[PDB]
Amino acid sequence: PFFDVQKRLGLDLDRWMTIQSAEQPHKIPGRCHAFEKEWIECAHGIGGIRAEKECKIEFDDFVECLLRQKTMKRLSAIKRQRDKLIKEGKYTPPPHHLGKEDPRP
Amino acid sequence: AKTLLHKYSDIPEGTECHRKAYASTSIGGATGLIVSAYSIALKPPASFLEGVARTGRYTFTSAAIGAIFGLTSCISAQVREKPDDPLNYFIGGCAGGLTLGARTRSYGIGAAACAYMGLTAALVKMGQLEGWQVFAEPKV
Amino acid sequence: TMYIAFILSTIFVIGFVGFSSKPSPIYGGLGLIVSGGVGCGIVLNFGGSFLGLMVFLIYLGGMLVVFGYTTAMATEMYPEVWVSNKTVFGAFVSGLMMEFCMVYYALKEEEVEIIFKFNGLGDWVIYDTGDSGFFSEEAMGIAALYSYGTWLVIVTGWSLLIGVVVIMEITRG
Amino acid sequence: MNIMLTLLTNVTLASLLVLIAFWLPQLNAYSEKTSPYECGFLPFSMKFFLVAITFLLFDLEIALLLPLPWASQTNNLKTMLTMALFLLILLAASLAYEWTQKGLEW
Amino acid sequence: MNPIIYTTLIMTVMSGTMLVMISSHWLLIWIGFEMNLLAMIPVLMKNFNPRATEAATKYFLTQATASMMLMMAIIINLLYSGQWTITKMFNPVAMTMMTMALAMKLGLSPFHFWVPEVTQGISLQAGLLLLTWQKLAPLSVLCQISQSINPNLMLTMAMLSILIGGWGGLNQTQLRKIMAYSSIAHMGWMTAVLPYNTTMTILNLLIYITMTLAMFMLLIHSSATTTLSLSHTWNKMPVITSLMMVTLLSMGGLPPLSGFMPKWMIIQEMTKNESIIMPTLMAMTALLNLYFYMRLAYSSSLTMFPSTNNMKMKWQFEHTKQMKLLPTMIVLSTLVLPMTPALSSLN
Amino acid sequence: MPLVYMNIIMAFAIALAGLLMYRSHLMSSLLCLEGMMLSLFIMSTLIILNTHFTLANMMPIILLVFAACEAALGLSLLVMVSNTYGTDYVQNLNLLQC
Amino acid sequence: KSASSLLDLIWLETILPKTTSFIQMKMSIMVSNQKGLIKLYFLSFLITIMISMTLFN
Amino acid sequence: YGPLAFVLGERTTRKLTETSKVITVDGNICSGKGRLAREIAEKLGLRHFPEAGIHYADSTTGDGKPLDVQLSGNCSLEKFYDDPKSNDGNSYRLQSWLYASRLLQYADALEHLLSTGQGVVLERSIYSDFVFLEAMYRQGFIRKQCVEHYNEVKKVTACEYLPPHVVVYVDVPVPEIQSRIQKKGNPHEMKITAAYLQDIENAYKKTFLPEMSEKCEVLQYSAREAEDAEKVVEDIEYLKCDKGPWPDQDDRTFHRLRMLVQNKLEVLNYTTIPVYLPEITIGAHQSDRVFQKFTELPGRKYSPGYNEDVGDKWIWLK
Amino acid sequence: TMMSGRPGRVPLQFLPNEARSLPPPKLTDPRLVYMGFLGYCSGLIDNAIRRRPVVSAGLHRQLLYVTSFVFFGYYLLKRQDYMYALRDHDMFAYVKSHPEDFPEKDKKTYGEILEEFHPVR
Amino acid sequence: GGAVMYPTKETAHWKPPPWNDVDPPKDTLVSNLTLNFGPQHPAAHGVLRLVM
């Protein structure tokens, strides 16, 4: 029994904090503002049943932005291979990656 | 969980009776462990040895019932050469009930358990064949 | 010091085991003060200065101090440590062992999965590269409560006032 | 690292002083006071706890009042002012309830 | 308790439930639940008794654990979805945890244990509030998340609730405990169709509310808490106990009383979803509820227990209090079966 | 999820286990309940900060306030029970059965 | 004997009504343990949480 | 009066004054306590309550005319005086009925005090009815189980009320009591045993007077002293009001008590505790027959104002 | 949720304007008559509980019971009819919009079809 | 009448709940403290013992 008195009376009581793509103070953007915006715009009025399948790509990318699980997996794989190569002496981290070369401003 | 039921079902009826009984025994033992945990929590055992004894008793009873059911059903299907008869499951269920009575050392408990367990096992076989859904997925 | 946050999180778990072993209230209260202080450290490490000081000032400063107040006035217990009678000692040790097993399965095996998927990479990775300028995101958002969250303010205030009323009605005998 | 260093140094200094005050001074031999702690055997008055629960609730309301300095920078000054005054009025109302009714007995 | 303070506390409980049923943000729903608990404890302990204090403590402990688990599930859903709206939960583990918490708030078995104890400890008015109004908010939250609700878990909890409610009711003699176990069984019936059709749950909830209101008000009017104390009522006011008999028969669900409507519609919806074993077992187990209802009806009005000499003095005086809703509630809870096609209004 | 999130969730689980498995003092159970609130505070804070959910930085504070309110309630109930019985032992709460 | 007592008044009643009622009575006794201890049913709650998390994943 | 009136502002403490006091005059059988109680009420302006009788409830309701004993009370004091060890349980049934009547009387009195503000003088009370039951048990008139049930009924009912501010005891020796009873002339009174009177006196002086002394002042008076009403009134006036729990009460508690005493059925709710003692237990058939007879009585069929048989009209619009 | 989430459903609206296109429930509708019967029964029960003449006390009270029941029942029936009309309308529209999912089976006479005869012996 | 409809051996001894929801006061141990005004206390001037 979601008595949506908010929409009936046109009063926002908690919809401001429902999503991170909503207006935040001083226009401070959310970390995954773009992805959430895309997902919401895709799944607007098409129904939850259709949204679950049709807008799957948007939500998948949004979750990847939120948790960075696949990105972390890729970075961990790179780190593991790099460390393996270091143990065998088949790789030498470049001086700029070693910090020898000064960074750009 | 569902993997144990998968183990039991994957073994074709009237085949691999030892393996079928093993899977049924594992299922029964798991159920016994669950019952033992609930009994220990609700009815506190005075000593840790008492808790171990209660757990062992419940687990052994349930596992023995499951083993007897599985072996009886598979062997009945093998001998009859009819793996799609609910009678196989019924015979296994009644045998399991008799084993329960022996474990409880009560003939009346055994007889009633045989009747009810055999009926339920036959019903389970009938559902397996027809397609009866205990927890239907919301379809409307 | 790249894994400082992980060390703090492990100490947080250890303190949670310590007070969750249900020891003598006085020793438990400490098991909670220590864990609370660690958690504040973690929040500070992520940049939540205001929220970090929030738990230190309110949870640790007031909530747990009133908890200790009660334990002190209604003192009917025989003092014992976390490594006292086996009921508490065994629980503490077993909790620590479970945590250590999780840690080993988390570091040695990168993709540890018990009920959720966990990655063994240092938490520093999850940090986002961004600039807030002359801003305190945490402070600005929390201060927006008075501007954006008027409804939250109303409900929370009514809850507080009715809480005072309820406390008196309960503790009137 | 600086604040962590300060905390470490302060804690270690205090603990070292506690060492040199709890174990070092008791090394000096002072005979033995063969004096038993003669004990031969509860004021759980609400007068104390009440002071504690009320403090907890007022401290909670104070927590809600902490973000006020940054909240003064909002463009919606009227709304922020109204909400702040509302929270303060509720604090005063809670105090008044306890004072008017059987409270503040301390 | 001062009447003004009591009215404020009752309104606070109602406002918590309304916030739960009005909010679109998970945090606000949790806030509403917390307000309900805070304003419910004093109402439970309006009449200071050691049993009342024990009931309040147990209720607080259970509801606090439920709220903790609910907020944890909300936080996990936020972590895996970055969403606060009360919609399809996007994490299965959070869904399971939230289901456990909401079931504990409702009292569905195996989280039923606290319900009879708390109901027995608190007064008849507090029992009425606990078993009718406190059931609204968790059911509303469940209805909103019904799509994400795991059918298997919910069905298991509901069926166990029905079984355990019937069994417990069979052994009880205290009227409040009988009512509590019957409430557990009825909540099982309500939540069984939650994954299938929420409107049927609303229907069952409304009928249950009317029936429990009528029963509790009749108990208050008769001022009886045990089977014998209710048995004495026939000597003073036969009308009350006869109407109690009618309401008990409705609670059993025997046609053509109102109680048949929810069971009938629930079985209809479950059969539409190709589930036949589950509703059959549900009705066959509700027979036990009917059994203890019939035992109570026997002792109350169908048969006449011995009375006491002091009853003569009570005969002279008449009840001053008048519960205005009681007649309408009795009528709506007994004779409404000819009005099932009004189900559409709920939609 | 990062290992820190795993540790905090595990802390919540441990505190829940301690709360559900009472020993003697009801005070110890209340401590476990409040610990869980602390763990939820830390979890929500980290999530909000990482997501830069600026408008939702007020959620942990509200959680904290309501947490301490429900605690004030628990303590008040504990002292009522202790004053009646003499101790805060969970076993004392036995008058109500089933 | 055989019809009136042995079957009608003894076995027929033992087979269906008596048995079912006795089972219900024993189940009622088990459910209404009448212990009323927070420790026990809260431990049962913990067991339930674990079992649900494993079975329904 | 209800919760709304208390919300509106009706406070009992505003009406209550120093005069507002519950004064109970107690004593042994035929101690002349009634005369002294009347004198106290007249010289203090308080409202005197005659000692609760078997048909006290009959006076409060209906037309005040005592109903049939079979329909109201089912017990005889005269039978108890003639046969104190009857097999019909008349002794304990009478004692329990008297306790219920006195419980109603105390509530009726409190309601008067909390509504009008005028003090009340009562001849004995619930706190004093135990004396007769104890005497009966000592004499062997009633069995122990009857005493147990009476204690059960008292502990669940009397606690809800407030003990009297002043307990006046008219101490008349048992021989003088016997002399007065002989002069009284009542044959049933003449049948009263001396041991019963001695047990009553012993119960008073050893249980009632000390316990009441703990709660409040106990102005014990000799028969000669009781004759001087002026002195008795003066002593009561000079009693510290601190004696009694009334100084510890407030408008909220007084509101609770006033709501309690108004609902007479609530007052007598626990008088019918479902304990099946043969003395008090009435069979279902007899219960039904007697209740049907009671309902047939004019003015009892319908609620007051709706009994047209008594002259009520406009019922169609009532 | 069925039609709880229908597009264009104004929240907390008992009777939308589109319901007016549907025929109003007759004031002599048997369902409304049963509602009035329930109201009268409520009045009788109220009289019985308050120990006043069941069939004569408070004629105004019983009248108000009946009037309230009928009055609320009229709108209840109107809403019920509206919801059932919504059901039928949506079902027909869905069938029209999805012809492939609702085919027209070939209509064959009984002379053409073959039904096995099961003799009853 | 009784605690439960079908009582067991253990439950047989168990007493039905009290008529009023008021459980009897248990022990009623006094919390009045008996403090002693030790002489060393300044106010006692070293030579005063006030059992209070």
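As annotated in the PDB entry, chain D carries the name NADH-ubiquinone oxidoreductase chain 3 and is attributed to Sus scrofa. Listed under Subcellular location in UniProt, the entry text for chain D is "Mitochondrion inner membrane". One UniProt comment on chain D, placed under Sequence similarities, says "Belongs to the complex I subunit 3 family."

Going by the annotation in the PDB entry, the name recorded for chain C is NADH-ubiquinone oxidoreductase chain 6, with Sus scrofa given as the source organism. Looking at the Catalytic activity heading of the UniProt record, one finds this comment for chain C: "a ubiquinone + NADH + 5 H(+)(in) = a ubiquinol + NAD(+) + 4 H(+)(out)". Check the Subunit section of the UniProt entry for chain C; it says "Core subunit of respiratory chain NADH dehydrogenase (Complex I) which is composed of 45 different subunits."

The next subject is the overall build of chain D. Looking only at helices and strands, one finds 4 helices and 0 strands in chain D. Counting helices and strands in the order they occur from the N terminus, chain D gives α-α-α-α. Its C-alpha radius of gyration of 26 Å places chain D more than 25% over the 13 Å reference for a compact globule of 106 residues. For chain D, the spread of C-alpha atoms along the principal axes amounts to about 75 × 50 × 15 Å.

Right, let's get into the environment of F48 of chain B. As for its position among the elements, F48 of chain B is in helix α3 (residues 48-80). With 81 residues separating them in the primary sequence, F48 of chain B and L129 of chain B have C-alpha atoms 45 Å apart.

Take helix α3 (residues 50-81) of chain E next. All names here are of chain E. Compared with the 46 Å implied by 1.5 Å per residue over 32 residues, the 46 Å span of α3 between its first and last C-alpha is a close match. Counted residue by residue, α3 has 31 buried out of 32 residues, so it is predominantly covered. Trailing α3 by a residue or two, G82 shows a phi angle of about 60°, which is positive.

Residue and element names in this part refer to chain A. Summed over all chains, the structure comprises 4 disulfides over all chains. Disulfide pairing is shown between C42 and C55; the S-S distance is 2.0 Å. Since a negative S-S torsion denotes a left-handed disulfide, the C42-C55 link at about -90° is left-handed. Of this pair, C42 sits in helix α2 (residues 33-42) while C55 is found in the loop between α3 (48-54) and α4 (56-67), placing the two residues 13 residues apart along the sequence.

Residue and element names in this part refer to chain D. UniProt records the feature "transmembrane region" for residues 3-23, 48-68 and 79-99 in the present numbering. Span residues 3-23 is 95% helix and 0% strand, its end C-alpha atoms 30 Å apart. Along residues 48-68, the helical share is 90% and the strand share 0%, with 31 Å between the first and last C-alpha atoms.

Right, let's talk about the pattern of salt bridges for a bit. In the structure shown here, the tally under the stated rule is 51 salt bridges over all chains. For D83 of chain A, the salt bridge goes to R82 of chain A, with nearest N and O atoms at 3.4 Å. Note that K272 of chain E and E269 of chain E form a salt bridge whose closest N and O atoms lie 3.6 Å from each other. Within this pair, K272 of chain E and its partner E269 of chain E are both found in helix α14 (residues 260-272), separated by 3 residues, close to a single helical turn. By relative accessible area, which is 40% here, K272 of chain E ends up partly exposed. On the basis of relative accessible area, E269 of chain E is assigned to the buried category, the value being 8%. The network of salt bridges with shared partners includes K33, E51, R102, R124 and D129 of chain H.

Attention shifts here to the sheet that holds strand β5 (residues 217-222) of chain H. Hydrogen bonds along the backbone pair up the strands of a sheet, which may run parallel or antiparallel. All names here are of chain H. An order of β2-β3-β1-β4-β5 is seen for the 5 strands of this open sheet, with the pairing classed as parallel. The open sheet has two edge strands with one neighbour each: β2 (47-49) and β5. On average, each strand axis in the sheet is inclined to that of its neighbour by 20°, with strand direction left out of account. In the sheet, strand β1 (residues 22-27) pairs with strand β3 (residues 120-123) via 4 bridges, with the strands oriented parallel. Its bridge partner being in β3, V25 is matched across the sheet by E123.

Now for the interface of chain F and chain C. The partner chain C presents 70 residues to the 61 residues of chain F that form the contact. When chain F packs against chain C, the two sides together hide about 5500 Å² of surface, and 82% of this comes from carbon and sulfur. Three residues, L3, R23 and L38 of chain F, lead the burial of chain F against chain C; their summed loss comes to 12% of the area buried on that side. For the pair chain F and chain C, the interface holds 10 residue pairs in polar contact. Contributions of two or more residues to the side of chain F that touches chain C are made by α1 (3-20), α2 (26-51) and α3 (59-85) of chain F. Top element by residues in the side of chain F that touches chain C is α2 of chain F. It accounts for 17 residues.

Cut-off values and rules
Residues numbered from 1 in each chain as written, not as in the entry; some residues may be left out. Chains lettered and ligands numbered in written order. Part of a larger assembly, values for the part shown. Heavy atoms only, no water. Residues with missing side-chain atoms left out of burial classes, pairs and counts. UniProt positions renumbered as here; feature names shortened; annotations may be inferred. Helix = DSSP H or I, 4+ residues; strand = E, 2+ residues; numbered from the N terminus. Rg over C-alpha atoms; globule rule 2.2 N^0.38 Å. Expected span 1.5 Å × (residues − 1). Buried < 20%, exposed > 50% of the residue type's maximum accessible area, 1.4 Å probe, protein only. Disulfide = S-S within 2.5 Å. Salt bridge = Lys/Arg side-chain N within 4 Å of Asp/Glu carboxyl O. Pairing = 2+ DSSP bridges. Axes fitted to C-alpha atoms, helices over the stretch in contact; angles between N-to-C directions. Contact = heavy atoms within 4.5 Å. Buried area = accessible area lost by both parts, 1.4 Å probe. Polar contact = N/O pair within 3.5 Å; in protein donor to acceptor, adjacent residues only side chain to side chain.

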